[PDB]
Amino acid sequence: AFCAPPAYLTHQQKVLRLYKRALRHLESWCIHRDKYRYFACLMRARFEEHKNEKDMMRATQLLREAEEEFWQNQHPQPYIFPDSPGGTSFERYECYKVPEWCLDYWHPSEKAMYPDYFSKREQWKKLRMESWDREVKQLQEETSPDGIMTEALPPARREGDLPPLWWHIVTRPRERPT
Amino acid sequence: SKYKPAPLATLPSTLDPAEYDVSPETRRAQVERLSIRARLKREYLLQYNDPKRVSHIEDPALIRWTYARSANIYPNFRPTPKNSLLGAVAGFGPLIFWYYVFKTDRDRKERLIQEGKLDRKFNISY
Amino acid sequence: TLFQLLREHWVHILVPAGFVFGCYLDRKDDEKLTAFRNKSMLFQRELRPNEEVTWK
Amino acid sequence: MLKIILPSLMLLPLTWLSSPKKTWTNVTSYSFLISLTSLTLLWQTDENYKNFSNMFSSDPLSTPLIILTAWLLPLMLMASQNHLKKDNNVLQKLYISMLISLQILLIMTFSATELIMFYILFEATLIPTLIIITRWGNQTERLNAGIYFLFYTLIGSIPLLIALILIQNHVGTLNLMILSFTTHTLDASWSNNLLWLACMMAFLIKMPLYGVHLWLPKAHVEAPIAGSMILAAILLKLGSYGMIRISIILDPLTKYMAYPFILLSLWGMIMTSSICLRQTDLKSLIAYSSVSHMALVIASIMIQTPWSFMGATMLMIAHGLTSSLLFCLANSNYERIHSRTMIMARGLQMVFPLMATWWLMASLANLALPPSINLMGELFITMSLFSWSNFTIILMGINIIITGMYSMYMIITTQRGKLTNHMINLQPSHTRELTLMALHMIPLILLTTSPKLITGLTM
Amino acid sequence: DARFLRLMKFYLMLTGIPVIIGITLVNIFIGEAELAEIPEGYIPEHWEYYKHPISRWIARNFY
Amino acid sequence: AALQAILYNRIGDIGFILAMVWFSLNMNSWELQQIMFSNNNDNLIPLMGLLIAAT
Amino acid sequence: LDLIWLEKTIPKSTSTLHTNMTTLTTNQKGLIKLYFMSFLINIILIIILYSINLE
Amino acid sequence: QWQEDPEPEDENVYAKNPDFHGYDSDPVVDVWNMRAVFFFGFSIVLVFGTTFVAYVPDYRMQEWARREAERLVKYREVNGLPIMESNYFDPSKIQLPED
Amino acid sequence: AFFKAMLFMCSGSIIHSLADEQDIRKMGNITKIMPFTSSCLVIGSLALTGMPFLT
Amino acid sequence: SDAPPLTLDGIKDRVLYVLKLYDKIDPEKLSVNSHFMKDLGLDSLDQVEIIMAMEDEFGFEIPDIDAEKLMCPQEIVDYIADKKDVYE
Amino acid sequence: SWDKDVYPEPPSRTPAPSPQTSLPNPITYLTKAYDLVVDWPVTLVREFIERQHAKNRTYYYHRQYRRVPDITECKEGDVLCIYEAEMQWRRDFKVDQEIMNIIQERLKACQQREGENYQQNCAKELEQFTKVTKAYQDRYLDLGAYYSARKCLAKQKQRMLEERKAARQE
Ligand SMILES: CCCCCCCCCCCCO[C@@H]1O[C@H](CO)[C@@H](O[C@H]2O[C@H](CO)[C@@H](O)[C@H](O)[C@H]2O)[C@H](O)[C@H]1O
Ligand SMILES: CCCCCCCCCCCCO[C@@H]1O[C@H](CO)[C@@H](O[C@H]2O[C@H](CO)[C@@H](O)[C@H](O)[C@H]2O)[C@H](O)[C@H]1O
Ligand SMILES: CCCCCCCCCCCCO[C@@H]1O[C@H](CO)[C@@H](O[C@H]2O[C@H](CO)[C@@H](O)[C@H](O)[C@H]2O)[C@H](O)[C@H]1O
Ligand SMILES: CCCCCCCCCCCCO[C@@H]1O[C@H](CO)[C@@H](O[C@H]2O[C@H](CO)[C@@H](O)[C@H](O)[C@H]2O)[C@H](O)[C@H]1O
């Protein structure tokens with residue numbers, strides 16, 4: 001969620017993702033921890049026996065056959081962590097994640113109930129306004145010549161500079177907002 | 001064994017032969033696609049984080065989609081034998097079918113009332 | 001009262017005067033249609049002691 | 001009626017002789033007071049309908065339509081103020097005069113006792129309506145919308161004029177009461193069948209009937225909000241009101257002449273309600289929703305039963321308040337982000353909690369939640385159509401399912417889900433905007449409390 | 001939102017409560033007319049065919 | 001899930017309305033006491049409507 | 001239906017017909033010779049109708 | 001290009017007048033427009049209009065008709081007459097065709 | 001209405017204590033660590049299954 | 001509800017706690033900055049299980065794109081702290 | 001009150017009671033508490049209200065309409081005569097609606113009153129509802145939204161001519 005994906009997954013990335021899925025669906029079948037631990041070790045041994053395959057073309061074929069095997073032995077209803085995509089609590093608190101720019105419409109009688117909070121908020125707004133022009137210039141300066149581009153953003157190189165495009169990350173609502 | 005895709009149950013990526021292709025022609029396409037996405041993402045974020053923005057962010061893709069599904073329809077319509085046959089069947093077909101359902105039913109109901117074998121017992125409101 | 005005040009608040013007589021005038025015209029419409037006053041089958045009767053008309 | 005019409009005419013000098021800073025406060029306030037006076041028409045202690053003069057009358061069909069017309073004028077004024085606040089003073093006064101003109105014309109239209117008088121006022125309304133759409137609409141398609149609206153009406157209205165002259169040449173009068181009492185059976189000739197269509201088409205185009213409805217989605221998407229309010233609430237009801245008045249002289253040909261129009265309406269109401277599921281434009285969605293509702297009004301007037309006329313009268317009033325409310329609700333988001341695309345603004349319940357409540361009640365009214373007058377009208381229409389032919393319930397049943405689907409679809413899409421948080425210009429709801437919603441919804445609830453007032457002529 | 005709800009309630013109660021008191025006071029101390037046979041030779045007025053004091057008062061003075 | 005509940009119960013509501021229209025036309029009532037005198041009638045159409053509503 | 005065939009058959013065919021009739025009747029050369037020839041046709045037609053309808 | 005104004009910028013109505021009611025940029029005009037709508041719309045029309053409608057007597061002669069029905073039901077039953085007859089018009093008042 | 005409402009209450013008692021976890025594969029041993037909720041859960045299950053003389 | 005809020009020191013203790021129970025790590029040479037591959041000599045398959053044990057410990061998932069970059073216990077601690085809005 | 005002749009109610013027949021057990025009946029004690037705490041103060045308020053009413057006693061009258069000539073006696077095209085006859089017919093039609101409502105009200109009250117005996121003890125109310133419904137259908141069924149005295153008369157004459165034809169063939 002924090003890192004953007006690359007253009008393509010390397011062969012190693014695809015194998016390690018199948019390994020994590022395979023164990024997790026095994027855990028859903030086994031349920032009991034002792035049974036899962038037994039079969040988790042048997043599962044690792046199968047990934048190890050072909051760890052040092054240097055053919056590549058055979059390694060890619062071994063990945064194909066494992067993925068086909070995974071789909072047939074897939075658990076129909078795998079365990080999902082409650083806050084994960086498809087979990088029971090997924091997006092449960094989105095109706096409470098009010099963006100910070102809503103406070104700009106608060107009435108003065110509303111703001112007067114938090115005199116200290118709205119003084120600090122002014123400092124964060126002043127900090128944001130001063131840094132913007134430098135942030136834009138840095139991204140313009142650091143553009144590569146060849147068109148190949150990615151979603152990764154640079155850090156602040158100089159001193160007193162903030163990393164470009166930080167406001168929507170730093171000031172985002174809390175996971176448990178209220 | 002084996003999974004057979006359907007239009008409403010599609011093929012997983014892990015089972016897709018085109019996900020395991022590493023030819024430099026494909027990898028160049030994949031890199032080119034990400035460059036488009038990354039440039040679009042940068043343009044969006046520069047608008048999004050700009051502290052002088054006072055209004056929402058215009059979305060040209062959404063305007064194109066809503067335009068394509070309304071104003072752009074008729075100029076790009078061509079009467080063809082398939083259009084014309086479909087238009088006539090969809091437009092008039094149900095009208096004719098329902099005419100005979102209601103007409104046939106109401107003719108029978110009147111026929112029974114004239115000759116007394118329609119049981120109107122307590123029906124006083126209509 | 002004051003030309004600045006009156007030049008601003010005199011317009012508040014227009015609609016009320018339209019209502020009063022509209023009511024006056026509606027009573028004139030009643031007067032033109034008295035050809036069956038106290039002459040219908042349903043309602044005609046003898047006039048009460050000091051009564052000139054059954055409705056006006 | 002003169003004690004209602006004359007004060008309405010005095011709103012025009014009041015508009016033009018007011019100071020720039022007092023115009024809106026003045027005209028709105030007296031417009032409310034004129035709505036109060038129209039309630040005198042509800043003082044009906046007998047079964048003889050009010051004939052004020054040779055020219056103006058009021059009975060249980062026109063009385064609700066006159067009062068609803070009088071109520072809409074203040075509401076339209078409040079709706080217009082925010083988007084007119086950049087126009088200069090003379091342009092604001094010109095707009096108000098157009099709104100008053102419709103109010104005057106429509107009140108006279110619903111109280112006219114003579115059919116060519118009805119026709120002249122019926123046609124006169126096009127002028128202020130066209131001006132509102134084309135001078136104050138926002139997009140370049142407002143000019144095409146003006147052409148469709150004007151000429152869909154006019155092509156149907158010319159045959160109506162011929163039929164009215166023909167009836168008068170034959171009977172000697174177009175007075176409605178005398179036409180009622182002296183009506184005699186028509187022969188089922190080809191000439192009389194064309195007479196039936198000439199008498200009916202203009203009212204059917206105005207409803208609009210499915211097939212000739214394309215003018216209405218165009219007119220709503222392009223009109224300003226006060227134009228949408230009057231068009232959906234009152235102007236469509238001229239067709240239904242016209243059909244009920246004139247069908248008294250058309251018997252017995254309506255028994256077979258109605259079949260194509262019952263079929264278009266009962267099938268058409270499914271086509272237009274199903275369009276609402278895949279409509280990207282919120283105003284267009286509400287407009288297609290009206291076409292679906294007015295299809296029911298057409299069907300029930302065509303079958304001419306006591307229940308069918310009563311269900312049509314209630315639905316006419318209920319749809320008038322409900323659809324006007326929906327246009328106002330949609331316009332409040334548009335005035336903030338200036339788009340009618342439904343899927344653009346989302347999760348708005350997060351930031352406009354009370355406006356979301358108004359959204360929910362408008363949506364619940366629209367899908368006919370009992371005991372609302374919305375449901376009562378649709379229910380009695382369903383009962384009368386089932387009596388007409390038991391197979392009508394199949395098409396009724398499909399439309400009821402689809403109506404719930406798009407009504408809740410609009411709420412879920414716009415009010416729920418995650419907030420589209422790039423929209424930092426979502427200013428809090430105006431007092432005026434929240435008041436406008438309440439002025440729609442309180443009468444709907446009050447009429448649900450006392451539904452005898454909108455039963456019409458047959459009950 | 002809270003300002004609007006406060007204002008709407010204030011302006012409904014401003015006249016609404018007095019009307020509720022007045023209706024209650026009329027219904028306790030005046031009450032509705034009781035049905036009586038028309039005396040012979042008597043022509044009632046139109047407002048004597050209604051029960052409620054409010055309805056008779058509006059009928060008498062305005063209709 | 002919220003719209004799913006609306007949809008399925010709206011499909012059931014068609015049967016409820018079917019029973020309502022049938023009883024107002026054949027008994028002139030929606031009151032249960034007057035509907036009890038439908039005991040001898042053939043009630044297949046309205047009872048199929050209630051069953052769909054219940055389903 | 002709504003965006004294509006209801007448009008094509010009612011408002012759009014009406015527009016096409018009267019535009020077509022407008023261009024066929026207003027595309028005049030401005031030559032007095034041609035108009036006077038057409039007035040001769042008008043005169044002959046009126047004389048023919050009078051002759052055949054002569055009792 | 002031609003000579004044309006740029007599009008105006010989005011404005012926050014509450015920035016200058018945080019007590020904005022939606023009616024006018026002038027604060028005093030704004031609050032009095034708000035009061036007139038609430039007073040005439042709600043205090044007058046909705047309250048008194050509701051009251052006036054509530055006390056319209058015998059609306060469309062519904063109270064008289066039930067009162068008249070009970071009188072007739074009472075009369076028609078003590079005297080043994082049918083409650084309601086099939087013929088609205090006495091047949092003696094009708095002259096049918098000979099055929 | 002009695003034992004089913006209790007069953008939902010007792011599961012809501014468990015779901016709440018285990019940090020909004022609803023999957024039974026991440027529960028277990030509730031009979032010892034939540035004695036009160038477990039006892040009512042068993043009472044409700046025995047009533048559902050027709051244990052004699054329960055509701 | 002009844003659970004205490006997480007803390008930076010509390011997360012760190014439980015992250016090192018889980019690693020001390022991994023037989024392929026000697027507890028003594030483990031510090032917050034111990035790189036799993038270089039300093040500790042674990043392969044990539046091992047790092048998948050370390051993350052899977054972290055998700056079980058704290059009861060939330062780490063997406064694969066983010067998990068593949070967590071190569072020392074301090075990275076894991078930082079990730080959990082930013083996910084759960086821990087700041088002190 | 002109301003007319004016991006228009007809205008008849010059978011006399012009540014309530015048993016003794018004859019309690020066997022020695023336990024106290026909670027309903028009996030709750031009713032006594034209710035009759036003191038609730039019923040008694042409410043009666044005093046009502047009696048005060050009725051005392052005020054008698055000091056301001058006003059009366060209202062049921063309106064009487066004299067009969068006017070029927071539609072049968074109107075020359076066609078005579079709008080003045082048709083109007084009065086038509087208005088008379090609308091008044092009668094309305095009163096017929098309320099007579100139907102009274103008969104249905106008796107039927108519903110009797111069904112509830114008879115309970116498990118309704119299939120036997122509601123015979124008279126069910127027969128009156130059947131007769132009065134037949135008579136209603138003959139006057140008014142199929143007139144349509146524009147029902148009137150002229151259409152009712154045309155419907156009657158059509159039925160009379162068919163009855164006469166059937167009798168003549170007999
Ligand atoms: C529910 C409402 C029902 C809507 C109507 C449904 C029926 C639709 C089928 C209509 C069939 C006639 O379809 C007809 O096809 C021809 C094929 O070229 C179109 O013809 C098109 O090209 C020709 C050239 O050849 C042009 O002259 C013409 O103006 C253009 O439209 C006609 O314009 C169209 O009218
Ligand atoms: C039987 C009852 C119903 C009968 C009703 C008949 C309604 C007839 C309405 C005629 C409409 C006139 O509409 C006039 O022509 C067409 C309509 O397509 C519009 O034309 C529009 O679409 C065309 C393509 O079709 C574009 O190329 C053009 O730029 C655009 O303006 C005109 O802008 C409008 O001025
Ligand atoms: C008995 C009469 C009933 C019909 C009523 C009259 C309706 C009007 C129909 C004729 C006029 C509409 O004419 C129809 O629309 C416009 C003109 O407005 C033309 O459309 C044209 O508009 C403009 C102006 O020329 C151009 O920029 C555009 O590109 C072109 O499409 C259509 O090609 C024509 O078909
Ligand atoms: C829409 C808003 C409506 C506002 C409503 C305001 C209505 C005000 C109600 C006033 C009711 C009282 O009205 C008054 O009642 C008295 C009862 O003493 C009646 O008065 C009549 O009968 C009484 C009975 O004792 C006699 O003593 C008296 O001489 C006679 O005139 C009349 O009816 C009226 O004079």
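Only heavy atoms go into these numbers, but all of them, side chains included; no hydrogens, no water, no symmetry mates. Just so it is clear: chains get the letters A, B, ... in the order the sequence lines come, proteins before strands, and each one is counted from 1.
With 3.5 Å as the limit, one finds a donor-acceptor pair spanning the side chains of C:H9 and D:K22. Between K:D96 and K:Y140, the side chains place a donor N or O and an acceptor N or O closer than 3.5 Å (distance only, hydrogens not considered). With hydrogens and angles left out, the side-chain atoms of E:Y50 and D:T45 include a donor and acceptor closer than 3.5 Å. Between the side chains of K:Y65 and H:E68, no donor-acceptor pair is found at a separation under 3.5 Å. For the residue pair D:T63 and D:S58, a side-chain donor N or O sits within less than 3.5 Å of a side-chain acceptor on the partner. A donor-acceptor contact under 3.5 angstrom links the side chains of D:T40 and E:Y63, judged on distance only.
Considering all non-hydrogen atoms of both residues, D:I454 and D:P64 come closest at CG2-CB, 4.1 Å. Between D:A233 and D:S324, the shortest heavy-atom distance links the atoms CB-CB, 4.3 Å. The minimum heavy-atom distance between H:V47 and H:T51, with the atom names listed, is O-OG1, 2.6 Å. Listed here is the closest heavy atom pair of H:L46 and D:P443: CD2-CG, 4.4 Å. When all heavy atoms of H:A65 and K:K94 are compared, the closest pair comes out as CB-CG, 3.7 Å. Residues H:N33 and D:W24 come closest through the heavy atom pair OD1-CB, 3.9 Å.
The side-chain heavy atoms of D:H440 and D:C328, taken from C-beta on, include a pair separated by under 4.5 Å. Within the 4.5 Å cutoff, side-chain heavy atoms of K:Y147 are placed close to those of K:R90. Side-chain contact between C:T34 and C:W55 is present, with heavy atoms from C-beta onward closer than 4.5 Å. A 4.5 Å side-chain heavy-atom check between D:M310 and D:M314 finds at least one atom pair inside the cut-off. Using a 4.5 Å heavy-atom cutoff, the side chains of D:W43 and H:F52 are in contact. Side-chain contact check for E:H46 versus K:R63: some heavy-atom pair is nearer than 4.5 Å. With contacts defined as side-chain heavy-atom distances shorter than 4.5 Å, the pair D:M10/C:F19 does not qualify. At least one side-chain heavy atom of H:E70 sits under 4.5 Å from a side-chain heavy atom of K:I102.
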- request: Show the numbers, then the answer: is there a side chain to side chain contact (heavy atoms under 4.5 Å, CB included) between E:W57 and H:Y55?
  value: CA-CA 10 Å; E:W57 188 90; H:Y55 288 105; over 6 Å; no

task: For D:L73 and D:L102, run side chain to side chain contact (heavy atoms under 4.5 Å, CB included): C-alpha distance rounded to whole Å, both residues' side-chain angles, the deciding distance at 0.1 Å, then the answer.
output: CA-CA 9 Å; D:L73 175 54; D:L102 271 165; over 6 Å; no

Stepwise side chain to side chain contact (heavy atoms under 4.5 Å, CB included) check, C:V11 with C:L14: CA-CA 6 Å; C:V11 296; C:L14 293 169; 4.2 Å; yes

- prompt: Given the rule in the side chain to side chain contact (heavy atoms under 4.5 Å, CB included) test, do H:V56 and D:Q44 qualify, once you have shown the distances and angles that lead to the verdict?
  reply: CA-CA 7 Å; H:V56 167; D:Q44 186 68 48; 5.9 Å; no

field: Trace of the ring-ring contact (aromatic ring centres under 6.0 Å, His included) decision for D:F56 with D:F52
entry: CA-CA 6 Å; D:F56 296 114; D:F52 306 102; 8.2 Å; no

message: Between D:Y241 and D:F118, is the ring-ring contact (aromatic ring centres under 6.0 Å, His included) condition met? List the steps.
response: CA-CA 11 Å; D:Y241 172 93; D:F118 176 82; 5.7 Å; yes

- request: Let me see the working for D:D46 and H:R60 under salt bridge (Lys or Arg N to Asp or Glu O under 4.0 Å), right down to the final yes or no.
  value: CA-CA 5 Å; D:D46 40 53; H:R60 296 180 74 172; over 6 Å; no

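Looking at E:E34 and K:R57, a side-chain N of the basic residue comes within less than 4.0 Å of a carboxylate O on the acidic one, giving a salt bridge. A salt bridge does not link C:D29 to D:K3: none of the charged nitrogens lies less than 4.0 Å from a carboxylate oxygen. A salt bridge links D:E47 with K:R91: the closest approach of a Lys/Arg side-chain nitrogen to an acidic carboxylate oxygen falls below 4.0 angstrom. With salt bridges taken as basic N to acidic carboxylate O contacts below 4.0 Å, one links D:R245 and D:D59.
When atom types are taken as modelled, the side chain of D:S57 and the backbone of D:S53 share no donor-acceptor pair closer than 3.5 angstrom. Remark: the backbone N or O of K:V6 is not paired with any side-chain donor or acceptor of H:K74 at under 3.5 angstrom. Proximity of a side-chain donor or acceptor of K:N56 to a complementary backbone N or O of K:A54 within less than 3.5 Å is not detected. Not one N or O on the side chain of D:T455 forms a donor-acceptor pair closer than 3.5 Å with the backbone of D:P451.
Rounding to the nearest 0.5 Å gives a distance of 11.0 Å between OG of C:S40 and CG of K:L80. A distance of 6.5 Å separates CD of K:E105 from CG of K:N101, quoted to the nearest 0.5 Å. Note that CG of D:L439 is 8.0 Å distant from CZ of H:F38, once rounded to the nearest 0.5 Å. The distance from atom CZ of D:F181 to atom CD of K:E86, rounded to the nearest 0.5 Å, is 6.0 Å. In this structure, the separation between CE on D:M229 and CG on D:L321 is 10.0 Å, given to the nearest 0.5 Å. Interatomic distance, OG1 of D:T37 versus CG of D:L6, reported as 12.0 Å (0.5 Å rounding).
Qualifying side-chain hydrogen bond (donor to acceptor under 3.5 Å, both in side chains) partners for H:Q62, counting only residues two or more places apart in sequence or in other chains: none. With sequence neighbours excluded, the residues forming a ring pair (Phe, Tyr, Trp, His ring centres under 6.0 Å) with K:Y61 are E:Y42, listed by chain and number. Residues passing the side-chain contact (heavy atoms from CB on, under 4.5 Å) test with D:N54, sequence neighbours excluded: C:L33. Every residue meeting the side-chain contact (heavy atoms from CB on, under 4.5 Å) condition with C:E51, not counting sequence neighbours, appears here in chain and number order: C:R45, C:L47, C:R48.
For the side chain to side chain donor-acceptor pair (under 3.5 Å) condition, the pairs that include at least one residue of residues 43-54 of chain K, sequence neighbours left out, are K:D39-K:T43, K:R46-K:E50, K:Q52-K:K55.
Heavy atoms of other residues, nucleotides or ligands lying less than 6.0 angstrom from CE of D:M441 number more than 12. More than 12 heavy atoms of other residues, nucleotides or ligands sit less than 6.0 Å from atom OH of H:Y59. The 12-atom threshold is exceeded at CD of C:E31, counting heavy atoms of other residues, nucleotides or ligands nearer than 6.0 Å. For K:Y7, the OH atom counts as densely surrounded, since its 6.0 Å shell holds more than 12 non-hydrogen atoms of other residues, nucleotides or ligands.
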Enumerate donor-acceptor pairs with a distance under 3.5 Å from any side-chain N or O in residues 5-31 of chain E to protein atoms, sequence neighbours excluded.
{"residue": "E:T15", "atom": "OG1", "partner": "H:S43", "partner atom": "O", "Å": "2.6"}
{"residue": "E:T24", "atom": "OG1", "partner": "E:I20", "partner atom": "O", "Å": "2.5"}
{"residue": "E:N27", "atom": "OD1", "partner": "E:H52", "partner atom": "NE2", "Å": "3.0"}

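By the 6.0 Å and 45° rule, E:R56 does not stack over the aromatic ring of E:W47.
Ring planes of C:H12 and D:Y30: tilted class, angle from 30 to 60°.
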